[PDB]
Structures are given as C-alpha cells and as structure tokens.
4 protein chains.
Amino acid sequence: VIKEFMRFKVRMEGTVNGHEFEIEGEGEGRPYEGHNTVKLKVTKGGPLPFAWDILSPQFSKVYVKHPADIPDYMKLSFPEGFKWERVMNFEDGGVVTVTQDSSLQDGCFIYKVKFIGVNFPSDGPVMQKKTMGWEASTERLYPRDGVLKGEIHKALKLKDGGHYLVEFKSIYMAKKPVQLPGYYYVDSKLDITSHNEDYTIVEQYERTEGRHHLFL
Amino acid sequence: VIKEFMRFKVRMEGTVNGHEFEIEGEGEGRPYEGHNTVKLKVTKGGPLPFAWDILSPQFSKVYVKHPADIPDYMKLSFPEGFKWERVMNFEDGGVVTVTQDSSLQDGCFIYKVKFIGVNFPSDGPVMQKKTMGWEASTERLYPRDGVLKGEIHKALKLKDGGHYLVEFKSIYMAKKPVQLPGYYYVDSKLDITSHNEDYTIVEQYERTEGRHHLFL
Amino acid sequence: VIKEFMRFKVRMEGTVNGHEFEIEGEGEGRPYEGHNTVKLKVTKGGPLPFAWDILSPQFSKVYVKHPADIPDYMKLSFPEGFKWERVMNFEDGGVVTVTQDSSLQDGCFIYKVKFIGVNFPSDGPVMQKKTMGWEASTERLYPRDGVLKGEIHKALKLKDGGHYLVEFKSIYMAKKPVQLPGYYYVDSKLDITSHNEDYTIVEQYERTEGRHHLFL
Amino acid sequence: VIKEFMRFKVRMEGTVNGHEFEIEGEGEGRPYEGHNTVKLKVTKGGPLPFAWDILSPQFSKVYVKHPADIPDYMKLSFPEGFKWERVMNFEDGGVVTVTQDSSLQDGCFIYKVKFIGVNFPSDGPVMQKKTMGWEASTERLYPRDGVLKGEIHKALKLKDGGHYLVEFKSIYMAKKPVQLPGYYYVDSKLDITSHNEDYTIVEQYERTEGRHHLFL
C-alpha cells in the first residue's frame, strides 16, 4: 500500500483568535526516503491575519524515514491509517490544539485537520506576523497509553532577530493495533519554499528522519 | 437589547481524542439575575465516549450578574456581541481549546462553539467517565491586551471519591470597543439538572455572579 | 498551645537569579482572628536586586481564621506543627520553589524557609523592580495525597499600570495525622505596611480567612 | 586555565518534600573530550528517602565537547566561571528549582549547588524509588536575555516498565561577558556507574557533546 512515491491531499478547517479559515492542499513525497512537499491554498478566510508558520507543521507522518530496527508505526498502520493529535504551547501564552485524520484512498493519502489557536497576544509575533520559519527540530518519542507520543522544543525565527519558543506535544494513534517502537528521536526540517505575497498560496518542503540517540 | 428575560440557542462542533460530535441546544435565563439553563442534545457522534462534564462549561457570559460599579463588559458588547476563547489544562495532560461566537438575533442570543480536546489518557477520568460534575468555582478576571481575561482553578468530582483538577484560562472579546473592568471575580455553580441514560440529552443550570474580592 | 494572641519568628535563606540573601523577622497576630504582621530585615545579601514582593507571601498559615465547620488543619497540627511547600509560576517564565518548616517554641511559632527563584528575565518586573504589591487573592484548597493542597491565581500590580501574573501551587503537611478538610477557599490580603528605602527593612500586614464558596 | 584533564569538587545542599540533605563529591574529566565522572557521598540526611536519579543531572557544563565553530560559552567564561539555574517539571506535578555556582580553584573546578524539590506525590516514582536511570537526551540551546538557555524533554526509566517524564529548563550565565552561540544542540548520556545499597555513595559517568542539528 505504501508505495516508494506517493501523494496526498489535505484539507484544514482552522480558527486563530476568532478568525476562521480553510485550507486545501496537495502534496507528494518519498515515504521511505523522508521527504515530502505540499502546496496549499487558502480557500476561505484569507489572507490570514496571522503567521503562516504556526500552520506549517500541521500539513505527514507516513513520510518519516525510519531505520530497520525501529518499528515504522505510522506506515504499519496502513492501510487503515491513523489519527494524530497535538498541543502547541507558545511562550507568550498562545495555545493550539490540533486533531487530524489520516487515510489511504485510491493509492493516495488523505489528511483531514481541525485546528484551534487561542490566547495569542495582539501584539505578539503570530498576530503581527513577525516570524520567519522554524529552526530544524528533534522530537523525543516514546510509547505510552498504547500509542506513540512525542514532544519537541521548537522555535520560530523572528524577523528582527531572536526566537519565539513553542513546545509541541503530539499523540499518534494507529487505527488498528500495530507494533509500537521504544524511546527514539525524529529530526525534522521544514522550509517554506515559496509563497505568494499575502500567504494565500504556499509551498513547503519537509525533510524528516527517525533514529536512536547518537550516544547509543 | 438585553431584556430581563432572554433565551439563546447553541450549537457545538467538537472533537475529543479523535471523536467527532455535534450538539444543539436552547437555553434561556435572567441576565440581570445571573441564572441560566440550557437543554442540549447530541445530534451527531452520540452517545459520547467521554465525560459530558468537560463540555458543560462551554454552554453564556451575558447572564453574569454584575454589581453596579463593575463594568458589564459582555452585556455592553451588545448588541454586536462578543467572542470568547478558552484553554482547559487538565492535570493528567488533557488539553482543550475552545472558540466561541456570541450574537443577538431576533431578540435571541446565538452561541457558536468550536471544541478540540486532545491527550486524554485512555484510562483517565474523562475517557472512562468517572466524573460527577464540577465543584462551584471562582474566576479571577482582569483587563489585558484590550480585552477581558480570566483564570479559574476548577475541579471535577470523581465518582469514587476525590477530585480531577483543571485550570481554565479564558479570553472575552467585545465585538466593539466597550468599557473594560478592573481586577474582579466571578463565582459560578453549574449543575447537570438531568440527563438521559447515555448523556444524549442533557439539561444544565448555572448560577453566576460578578463581584470584588471579599476583603476589599 | 495556640493562644488567641501569638507571635513568631522567621528566618529565610534565598537565592534569586544567582543572588544569595538571608532574612530574619519577627511577627505576631491573632490566630483565631486571621491577622498577622511581621517585620523583616535583610541580614545578608541586601539590598536585594529584585522585587521584595516575590518574598512577601513566604513570611503564616496558623493565623488563618477558619469557620467552625471547616477543619483547622494547620492549627490542629499543633503543637508538633507542619511543613509547607510551594511552587510560584510566573507568566514570563520565572519559577520559584519554596520549602518551609513551622514549629512551636516556648509558646512562640518558629518558621524556617528555603527559597530558590530562577529564570527571571533581566528586564522583567522582578529584576527591574517594577512591582507594587499584590492584589488580594482567593486560594482553592482540597485534600490530596493525605495532605492539604491549594492553588491561587495571583497578580502583582505594576508600577506603571497593569499586572504581572503568578500562579501559586502550595502543599500543607501536618507533622502528625490530623483531620483534613474538604474543598474550600481562603481569601488573603497582604500589604507592605512600610519599608525603608532600599527594602532592607520591611513590615507587612496580612489579613486571611477560610470559607466555603459563596454559592454554597 | 582549562587543561585537557581536569577535576572538580562539588557540594550540594538539597530539600525534597521536606527532607534535607547534603552531598559532597569529587569528579574529574576531559573538557575537550566531553567526558566526566564524579563520586558522591551523602554527608547529611542519608539514606535519601527518594530516587537518586533526580539529583544526578545536577552534578558539569565545562566538560561539554564543542565543535570548532560553535562558541564554547561555559569554557570561555573561564576562569571567572559561571552560574547555572534550572527548573525540572515532572509530569505528575513534581517541581524542582536548582541554582549552581561554578568556579576555578587552584586548577580545580568548584561547583556549589542549591536544590529544592517539591510536590512529589507520596506514591509517585520519586518518593517510592521506582526509577532506573535516565534515557540519553538532546538539549535545545539558544541565546536569550544575554545568556545561554536550553530545554530538554527527558525521561526516567521505570523499574517496572515505562517512563516517567521530566522537562528541563536551564539557564547558563557567564560570570564575565563572553561570546554566545546560536541555536544548537547538546546530546547527553548520564549513567549511574555504581552505588552502594542505600544510595549513600554513588558514582556517575557522563558523556556530553555539542553540535548542530543533523539536517543542517
């Protein structure tokens, strides 16, 4: 089911400080290689009155390349697929909850995302759009409650210098029982490859890979 | 616009640990008296596989009775009305984000709610339904970022003894500039007055009042 | 043991962002009335390079006046007395942990405090001394783990307007088993009554009382 | 000042849920190689009624091996040295604040540590000693407030399976202005190499190295 080259389609319904929007996208990648790209477009509520960056990481777990000896949980879940949940805790008080459903369709992945962002200060980096993409990150994963959980200490680069910090807490839930891995790490690097002027059309590229701690 | 006896209608679209649902309700109360009731019904995704209690507080700020000398922010916002946002931080890791829109229609209030609950342990009190209503609470309010903010240290009563703690962080945003109050408190008491067997039809009653700290 | 008028002595060893200090004090009050005062003096590391306010609440649980029907936990612990622990979570990242021992001596209470404050931004309100006392507060108490626990959403008044928020989490531990109360509240009001120029000599007055939620 | 082989001495005064203790130790290592060992002994309040593991990471930043192009902040601070501060946030509510002073003496490093642990559930893994060492970790570092800050998502291995999670937040402060680095990572692996029966005498070995994100 999981071919060496695959594509997906995504749809997102979001709310950021009372502001509604919807996004639609299409992406594709190399599941076994840990590469993926997606092209999104704001189909409703655009142009966004906030930093696109907070939405970026919400657009593909099946493409994480894993070592032989680390169970490939998300993949294994195929083809019934899995669900994903997330909490984003911003240093200035901003809180985001995300819920996503991942399926297989006609050979194509289908991502459905729900997103709620609240408590972002009107003058902060998200509402004032002062962010300039994320630094590359390392997620710490572990099995818990019969599912796969992971946390990341991420940071957005600030247009005028410095960083705006965000802690990610995520939950990966196979739709059918599948083998869980142990304590591991996932290195990621997401880049906004291009976008129109008002961020109503954006393209991203993500490089992501699973592994053990270097000192092991 | 704000008559001494009013009614409202509510609709909620929610997600709890991957589980979708929709609720519809109708309530009514005495805005100046700080009393309100609502009757809800699960119109989609029922019966809920989780504690109804976590949804309860999401079903009416305009009914808070305020003292003469404390600006009545939510009321004042009428009739354009206001928006409300919330974060619920559960002691076991559960996180909920809520976004709500409040309007005036034909003399009737209209509440629209979006809700995302994630990271609730499968064996915890929410997913296992071991809760038995909330204790009465005291919210600490203050003006910030040109809006009204409030926090509460709440607790759900556990069927078998003890409490499950939840911290509420809320943001109230007038749709038009209106007078903000200073540092104050709001005492609340929400009761599930009745419900069918599978919590698909529920009725609540809430008593809520604004005030200054007792020692002032 | 707990006379209607009593006095205590206190000593504190603290650290705030790498800065050591010691304080010594003497206070006295009316345990049954919920009033107490203390006079402190910086005996080491003064004058403090930070806001005195963060130290204030660390200087007397036995003086909380309680209603007849609410067990008087701290008092009951007498005369073996009890221990108290606390976490202070500041909105800008500042974190404080406090550990205190309370005893009875020759008819006089004896408070011993250890205090560690870290992660306070160099330009924030604590390190820049922009605070102007606390607003009056309401602590939410409950029995847990065989002890008494309480949380408060507190706020320091800012010299130039606005508030700096702090969440208190405290643990009260009787040195001998004594009767615990249920879910209750404690209203407090602490005032810096006077102080020398460089805050090396300060006097505070605290009014504190236990009670049930108003709507009960 | 920083020879290729150096040794240090450490002393710690701590408090864990009302329990006092003091530790003294001696260690030594290869600063440029990122290796260090220390041998500790409980000199006061032993045997500890809690998991030794929570104390372990508190016993040597100067030994982190850094790449050529990543400023060696802690080292550079020599010989005036630096201070370090930390917050440890345990998933079950446990909170620890630590403050440490690092100096150079007669060619030997001198570490002074203050430690306050509070809110650990009586039946949790720390108070019941169910931990079995830490997994290896990755700290995310960045310059902020003119100092070096870092966060880690760490985990203690549980004797009977599973993990107990802890988030570390640390602050590194050069005693004299020195060059700060940018956004980087530090991989660590701390092992309890041996200990007596009642953890009153323990030896640890730590391997730690600085680097850039793999995908850079």
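All chains are named by letter (A, B, ...) in the order of the sequence lines, taking the proteins before the strands, and each is independently numbered beginning at 1.
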Closest approach of B/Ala136 to C/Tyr183 (non-hydrogen atoms, all atoms of both residues): O-CE2, 4.0 Å
Assess whether atom NZ of C/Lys175 is packed by more than 12 heavy atoms of other residues, nucleotides or ligands within 6.0 Å. yes
Can you tell me which portion of C/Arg207 sits under 4.5 Å from chain B's heavy atoms? Options are side chain, backbone, both or neither. both
For the pair C/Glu167 and B/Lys169, find out whether any cationic side-chain nitrogen is under 4.0 Å from an anionic carboxylate oxygen. no
Are B/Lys149 and C/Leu165 close enough that some pair of their side-chain heavy atoms sits under 4.5 Å apart? no
With rounding to the nearest 0.5 Å, note down the distance linking CG in C/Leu216 to CG in B/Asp187. 9.5 Å
Locate the shortest heavy-atom distance separating B/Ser137 from C/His213; write the atom from each residue and the value. O-NE2, 2.8 Å
Taking every non-hydrogen pair under 4.5 Å, which of C/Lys189, C/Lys154, C/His163 racks up the most with chain B? C/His163
Once you round to the nearest 0.5 Å, how far does CZ of B/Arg211 lie from CG of C/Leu214? 5.5 Å
What do you reckon, is NZ of B/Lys129 surrounded by more than 12 foreign heavy atoms closer than 6.0 Å? yes
To the nearest 0.5 Å, how far apart are CD in B/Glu135 and OH in C/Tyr185? 7.5 Å
C/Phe215 versus chain B, heavy atoms under 4.5 Å apart: side chain, backbone, both or neither? both
